[PDB]
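Shown below, as structure tokens, is a lone chain in the form deposited in one PDB entry; questions about how it binds or moves come after it.
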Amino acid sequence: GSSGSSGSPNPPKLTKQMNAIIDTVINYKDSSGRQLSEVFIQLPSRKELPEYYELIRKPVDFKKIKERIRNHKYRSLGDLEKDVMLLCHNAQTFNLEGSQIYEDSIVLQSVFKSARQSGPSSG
């Protein structure tokens, strides 16, 4: 099973870490201005595109991932990875390979990992 009440609110050292990563991933750009996270901001409704929810297991978005950090939901950094990686995979599953949205997914990932290290942390 799993347990861990949300007694005290995550510290500034942890919360910040989460933000840094994402804040960088979502802000990360590839084209000459055309961001990628754009197509990863909001998702299609269940009525318009239901099939999406049929194949996709957990169609999560970015607005939700962030809403959690501010909701003291995520217990540890790992949790963030579970979603972040999910929000990406979901795409590679829907969007064809070597496609426009595809490549992006792969990129966002490379940025996520790097972020963890390359951040505001300045000894």
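The first residue of the sequence shown is number 1, and the count goes up from there.
The same protein has a further form, the form deposited with a small molecule bound, not shown here; the description that follows concerns it.
A heavy atom within 4.5 Å of the small molecule in the entry with it bound is found for one listed residue only; from 42, 71, 27, 76, this is 42. Residue contact check for residue 60: one or more of its heavy atoms lie within 4.5 Å of the small molecule in the entry with it bound. Interface residue remark: residue 80 is not counted as part of the site for the small molecule in the entry with it bound, having no heavy atom within 4.5 Å. Among heavy atoms of residue 48, some come within 4.5 Å of the small molecule in the entry with it bound. At least one heavy atom of residue 95 is located within 4.5 Å of the small molecule in the entry with it bound.
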